[PDB]
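Colleague: This is the structure I want to talk about, given as structure tokens.
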Amino acid sequence: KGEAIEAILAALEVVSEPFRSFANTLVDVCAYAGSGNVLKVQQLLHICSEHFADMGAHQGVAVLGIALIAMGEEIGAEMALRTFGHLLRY
Amino acid sequence: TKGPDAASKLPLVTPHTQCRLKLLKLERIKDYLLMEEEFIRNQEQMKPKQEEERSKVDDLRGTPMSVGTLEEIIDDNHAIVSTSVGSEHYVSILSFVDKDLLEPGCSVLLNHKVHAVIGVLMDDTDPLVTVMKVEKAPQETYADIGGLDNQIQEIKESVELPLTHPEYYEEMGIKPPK
Amino acid sequence: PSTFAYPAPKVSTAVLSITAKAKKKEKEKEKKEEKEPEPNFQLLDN
């Protein structure tokens with residue numbers, strides 16, 4: 001249920017970083033579990049692309065969210081395979 | 001090991017007919033493609049040790065580096081390498097070369113001036129052979145064959161099923177038709 | 001005196017399939033959320 005998590009992230013903004021970033025990323029990912037949102041996967045890829053533990057926890061949850069949102073459809077999973085390989089070798 | 005270098009292929013679009021569902025599928029594939037492009041374009045740009053070792057190795061190696069054939073291994077730091085023109089040279093094996101791969105008949109990489117062995121060429125595959133490898137898989141799938149069912153079943157049991165479900169053959173005790 | 005003298009002292013992927021509509025929808029969500037007296041007589045010291 002990704003239509004009722006914006007307030008959740010707003011509330012989570014209170015907690016201090018870097019755990020705040022990890023919590024926000026994980027909550028956002030679990031909000032759109034299987035929804036196949038291209039924009040949210042794009043934000044997750046942005047998060048993964050930036051290199052800073054907990055900061056690495058952000059990227060780990062971002063990759064897990066990429067998989068979660070991509071699992072909805074066959075095309076999404078097949079393309080996420082290539083994206084995951086690319087980000088593994090890079 | 002050098003596992004399979006399977007040909008790359010994009011997923012298949014089912015609608016075929018120019019309906020908006022096909023447009024959505026192609027748009028999703030393009031979105032993931034742009035996704036990968038942006039990610040890998042930011043990686044190097046967004047990117048800001050081993051550099052010292054790499055520089056030392058490359059400065060010792062020098063360029064250009066000749067590719068020759070290793071004829072024999074005399075000592076742990078000496079070998080006889082025959083240059084491409086057929087002339088044999090008693091060159092010195094440098095430290096930064098895994099002695100395990102150094103076997104007679106391998107294509108060794110040599111310094112241009114002193115001819116000292118600096119690396120072993122792994123692939124060195126004949127260019128007339130590397131062309132044969134199928135990189136872009138053809139778009140014609142099984143649904144693109146009318147009938148030829150028995151034939152499809154036989155070919156699958158010979159070349160396709162053994163990889164996917166080798167359990168059946170292993171339990172039955174019969175090596176799949178190769 | 002000020003006028004003339006001592007001088008000096010990640011691209012968001014287009015994703016037009018979904019991204020353009022998403023941007024317009026976010027714009028809608030935001031909408032619902034919403035020298036002349038220059039010292040030409042520059043003074044100077046000795």
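Just remember, in the structure tokens the first chain shown is A, the second B, etc., residues are 1-based per chain, and ligands are 1-based in the order shown.
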Should the cut-off be 10 Å, what would the residue list for chain C against chain A look like, counting only C-alpha atoms, as JSON, numbers by chain?
Modeller: {"C": [10, 12, 13, 15, 17, 18, 19, 22]}
Colleague: Give me, as JSON lines, each residue of chain B that comes within 12 Å of chain A, together with its shortest interatomic pair and the distance in Å at one decimal, counting only C-alpha atoms, with rows ordered by chain and rising residue number.
Modeller:
{"residue": "B:8", "atom": "CA", "partner": "A:82", "partner_atom": "CA", "distance": 9.6}
{"residue": "B:9", "atom": "CA", "partner": "A:78", "partner_atom": "CA", "distance": 9.8}
{"residue": "B:10", "atom": "CA", "partner": "A:79", "partner_atom": "CA", "distance": 7.8}
{"residue": "B:11", "atom": "CA", "partner": "A:75", "partner_atom": "CA", "distance": 6.0}
{"residue": "B:12", "atom": "CA", "partner": "A:75", "partner_atom": "CA", "distance": 7.8}
{"residue": "B:13", "atom": "CA", "partner": "A:75", "partner_atom": "CA", "distance": 8.5}
{"residue": "B:14", "atom": "CA", "partner": "A:75", "partner_atom": "CA", "distance": 10.6}
{"residue": "B:22", "atom": "CA", "partner": "A:75", "partner_atom": "CA", "distance": 11.8}
{"residue": "B:24", "atom": "CA", "partner": "A:75", "partner_atom": "CA", "distance": 10.9}
{"residue": "B:25", "atom": "CA", "partner": "A:75", "partner_atom": "CA", "distance": 7.6}
{"residue": "B:26", "atom": "CA", "partner": "A:75", "partner_atom": "CA", "distance": 9.4}
{"residue": "B:27", "atom": "CA", "partner": "A:38", "partner_atom": "CA", "distance": 10.3}
{"residue": "B:28", "atom": "CA", "partner": "A:76", "partner_atom": "CA", "distance": 7.5}
{"residue": "B:29", "atom": "CA", "partner": "A:75", "partner_atom": "CA", "distance": 7.0}
{"residue": "B:30", "atom": "CA", "partner": "A:79", "partner_atom": "CA", "distance": 9.7}
{"residue": "B:31", "atom": "CA", "partner": "A:38", "partner_atom": "CA", "distance": 7.2}
{"residue": "B:32", "atom": "CA", "partner": "A:79", "partner_atom": "CA", "distance": 6.3}
{"residue": "B:33", "atom": "CA", "partner": "A:79", "partner_atom": "CA", "distance": 7.7}
{"residue": "B:34", "atom": "CA", "partner": "A:42", "partner_atom": "CA", "distance": 9.6}
{"residue": "B:35", "atom": "CA", "partner": "A:42", "partner_atom": "CA", "distance": 6.6}
{"residue": "B:36", "atom": "CA", "partner": "A:83", "partner_atom": "CA", "distance": 5.7}
{"residue": "B:37", "atom": "CA", "partner": "A:83", "partner_atom": "CA", "distance": 9.3}
{"residue": "B:38", "atom": "CA", "partner": "A:46", "partner_atom": "CA", "distance": 8.8}
{"residue": "B:39", "atom": "CA", "partner": "A:49", "partner_atom": "CA", "distance": 6.2}
{"residue": "B:40", "atom": "CA", "partner": "A:86", "partner_atom": "CA", "distance": 7.6}
{"residue": "B:41", "atom": "CA", "partner": "A:49", "partner_atom": "CA", "distance": 9.6}
{"residue": "B:42", "atom": "CA", "partner": "A:49", "partner_atom": "CA", "distance": 6.8}
{"residue": "B:43", "atom": "CA", "partner": "A:49", "partner_atom": "CA", "distance": 6.0}
{"residue": "B:44", "atom": "CA", "partner": "A:90", "partner_atom": "CA", "distance": 9.0}
{"residue": "B:45", "atom": "CA", "partner": "A:49", "partner_atom": "CA", "distance": 10.2}
{"residue": "B:46", "atom": "CA", "partner": "A:50", "partner_atom": "CA", "distance": 6.7}
{"residue": "B:47", "atom": "CA", "partner": "A:51", "partner_atom": "CA", "distance": 7.5}
{"residue": "B:48", "atom": "CA", "partner": "A:51", "partner_atom": "CA", "distance": 9.3}
Colleague: Write out as a PyMOL selection string all residues of region 8-151 of chain B that backbone DSSP assigns to helix (DSSP H, G or I).
Modeller: chain B and resi 20-46+50-61+127-130+142-144+149-151
Colleague: Take the residues from that selection and put them in a file with N, CA and C atoms, as a tab-separated table (two decimals), in the first residue's frame.
Modeller:
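See selection_36.tsv below for the written result:
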chain	number	residue	atom	x	y	z
B	20	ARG	N	-2.15	-0.33	-27.27
B	20	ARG	CA	-1.47	0.49	-26.28
B	20	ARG	C	-0.78	-0.35	-25.22
B	21	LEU	N	-1.17	-1.61	-25.07
B	21	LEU	CA	-0.46	-2.49	-24.14
B	21	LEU	C	0.97	-2.74	-24.62
B	22	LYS	N	1.14	-2.95	-25.93
B	22	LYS	CA	2.49	-3.06	-26.48
B	22	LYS	C	3.27	-1.77	-26.29
B	23	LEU	N	2.60	-0.63	-26.45
B	23	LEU	CA	3.27	0.64	-26.21
B	23	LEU	C	3.74	0.75	-24.77
B	24	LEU	N	2.90	0.33	-23.83
B	24	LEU	CA	3.29	0.36	-22.42
B	24	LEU	C	4.47	-0.57	-22.16
B	25	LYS	N	4.45	-1.77	-22.75
B	25	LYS	CA	5.55	-2.70	-22.54
B	25	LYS	C	6.86	-2.13	-23.08
B	26	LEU	N	6.82	-1.58	-24.29
B	26	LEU	CA	8.02	-1.00	-24.88
B	26	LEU	C	8.48	0.21	-24.09
B	27	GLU	N	7.54	1.01	-23.58
B	27	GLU	CA	7.91	2.16	-22.76
B	27	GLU	C	8.58	1.71	-21.47
B	28	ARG	N	8.09	0.62	-20.87
B	28	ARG	CA	8.71	0.11	-19.65
B	28	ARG	C	10.12	-0.39	-19.93
B	29	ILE	N	10.30	-1.12	-21.03
B	29	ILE	CA	11.64	-1.60	-21.38
B	29	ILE	C	12.57	-0.42	-21.63
B	30	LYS	N	12.09	0.60	-22.35
B	30	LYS	CA	12.90	1.79	-22.59
B	30	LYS	C	13.21	2.52	-21.29
B	31	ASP	N	12.26	2.54	-20.36
B	31	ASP	CA	12.50	3.18	-19.07
B	31	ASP	C	13.62	2.48	-18.33
B	32	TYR	N	13.61	1.15	-18.32
B	32	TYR	CA	14.69	0.43	-17.66
B	32	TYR	C	16.02	0.62	-18.39
B	33	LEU	N	15.98	0.73	-19.72
B	33	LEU	CA	17.20	0.99	-20.48
B	33	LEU	C	17.79	2.35	-20.12
B	34	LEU	N	16.96	3.39	-20.12
B	34	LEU	CA	17.41	4.71	-19.71
B	34	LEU	C	17.87	4.69	-18.26
B	35	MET	N	17.23	3.86	-17.44
B	35	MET	CA	17.62	3.68	-16.05
B	35	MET	C	19.06	3.21	-15.96
B	36	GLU	N	19.38	2.13	-16.69
B	36	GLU	CA	20.73	1.59	-16.69
B	36	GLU	C	21.73	2.60	-17.25
B	37	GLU	N	21.35	3.29	-18.33
B	37	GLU	CA	22.24	4.27	-18.93
B	37	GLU	C	22.57	5.38	-17.95
B	38	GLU	N	21.56	5.91	-17.27
B	38	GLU	CA	21.79	6.98	-16.30
B	38	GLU	C	22.64	6.48	-15.13
B	39	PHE	N	22.35	5.28	-14.64
B	39	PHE	CA	23.12	4.75	-13.52
B	39	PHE	C	24.59	4.63	-13.88
B	40	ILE	N	24.89	4.00	-15.02
B	40	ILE	CA	26.28	3.79	-15.40
B	40	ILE	C	26.95	5.07	-15.87
B	41	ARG	N	26.18	6.06	-16.33
B	41	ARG	CA	26.76	7.35	-16.69
B	41	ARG	C	27.11	8.16	-15.46
B	42	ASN	N	26.30	8.05	-14.40
B	42	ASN	CA	26.62	8.73	-13.16
B	42	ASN	C	27.75	8.05	-12.41
B	43	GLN	N	27.84	6.72	-12.48
B	43	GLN	CA	28.85	6.00	-11.71
B	43	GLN	C	30.23	6.62	-11.88
B	44	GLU	N	30.73	6.67	-13.12
B	44	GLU	CA	32.07	7.21	-13.34
B	44	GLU	C	32.12	8.71	-13.05
B	45	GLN	N	31.13	9.46	-13.53
B	45	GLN	CA	31.09	10.89	-13.24
B	45	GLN	C	30.92	11.15	-11.75
B	46	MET	N	29.98	10.45	-11.12
B	46	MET	CA	29.73	10.62	-9.70
B	46	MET	C	30.85	10.02	-8.86
B	50	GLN	N	45.38	1.08	-5.19
B	50	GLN	CA	45.85	0.22	-6.27
B	50	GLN	C	46.46	1.00	-7.43
B	51	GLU	N	46.27	2.32	-7.46
B	51	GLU	CA	46.82	3.12	-8.54
B	51	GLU	C	48.34	3.02	-8.58
B	52	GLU	N	48.99	3.03	-7.41
B	52	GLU	CA	50.44	2.92	-7.38
B	52	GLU	C	50.91	1.60	-7.98
B	53	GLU	N	50.27	0.49	-7.60
B	53	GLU	CA	50.66	-0.81	-8.13
B	53	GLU	C	50.41	-0.88	-9.63
B	54	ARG	N	49.26	-0.37	-10.09
B	54	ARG	CA	48.97	-0.39	-11.52
B	54	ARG	C	49.99	0.43	-12.30
B	55	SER	N	50.34	1.61	-11.78
B	55	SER	CA	51.32	2.45	-12.46
B	55	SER	C	52.68	1.77	-12.51
B	56	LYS	N	53.10	1.15	-11.41
B	56	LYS	CA	54.38	0.45	-11.40
B	56	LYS	C	54.39	-0.69	-12.41
B	57	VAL	N	53.31	-1.47	-12.44
B	57	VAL	CA	53.24	-2.61	-13.35
B	57	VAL	C	53.28	-2.13	-14.79
B	58	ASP	N	52.53	-1.08	-15.11
B	58	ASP	CA	52.47	-0.60	-16.48
B	58	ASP	C	53.78	0.06	-16.90
B	59	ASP	N	54.48	0.70	-15.95
B	59	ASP	CA	55.76	1.31	-16.27
B	59	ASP	C	56.83	0.26	-16.49
B	60	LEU	N	56.77	-0.84	-15.74
B	60	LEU	CA	57.68	-1.95	-15.99
B	60	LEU	C	57.36	-2.65	-17.30
B	61	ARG	N	56.07	-2.77	-17.63
B	61	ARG	CA	55.65	-3.45	-18.85
B	61	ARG	C	56.04	-2.65	-20.09
B	127	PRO	N	40.74	-15.14	-34.32
B	127	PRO	CA	39.67	-14.20	-34.68
B	127	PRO	C	38.62	-14.81	-35.58
B	128	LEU	N	39.00	-15.77	-36.43
B	128	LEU	CA	38.02	-16.44	-37.27
B	128	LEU	C	37.09	-17.33	-36.47
B	129	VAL	N	37.40	-17.58	-35.20
B	129	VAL	CA	36.53	-18.39	-34.34
B	129	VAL	C	35.67	-17.51	-33.44
B	130	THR	N	36.23	-16.44	-32.89
B	130	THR	CA	35.46	-15.56	-32.02
B	130	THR	C	34.29	-14.93	-32.75
B	142	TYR	N	10.36	-20.34	-30.46
B	142	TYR	CA	9.65	-21.56	-30.80
B	142	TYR	C	8.25	-21.27	-31.32
B	143	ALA	N	7.59	-20.24	-30.80
B	143	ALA	CA	6.22	-19.93	-31.24
B	143	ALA	C	6.26	-19.54	-32.71
B	144	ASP	N	7.46	-19.33	-33.24
B	144	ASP	CA	7.59	-18.85	-34.64
B	144	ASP	C	7.77	-20.06	-35.56
B	149	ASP	N	6.56	-30.47	-34.16
B	149	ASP	CA	6.46	-30.69	-32.69
B	149	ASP	C	7.41	-31.81	-32.31
B	150	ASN	N	7.20	-33.01	-32.84
B	150	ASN	CA	8.14	-34.09	-32.59
B	150	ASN	C	9.58	-33.62	-32.73
B	151	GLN	N	9.87	-32.87	-33.80
B	151	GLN	CA	11.22	-32.37	-34.00
B	151	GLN	C	11.63	-31.41	-32.88
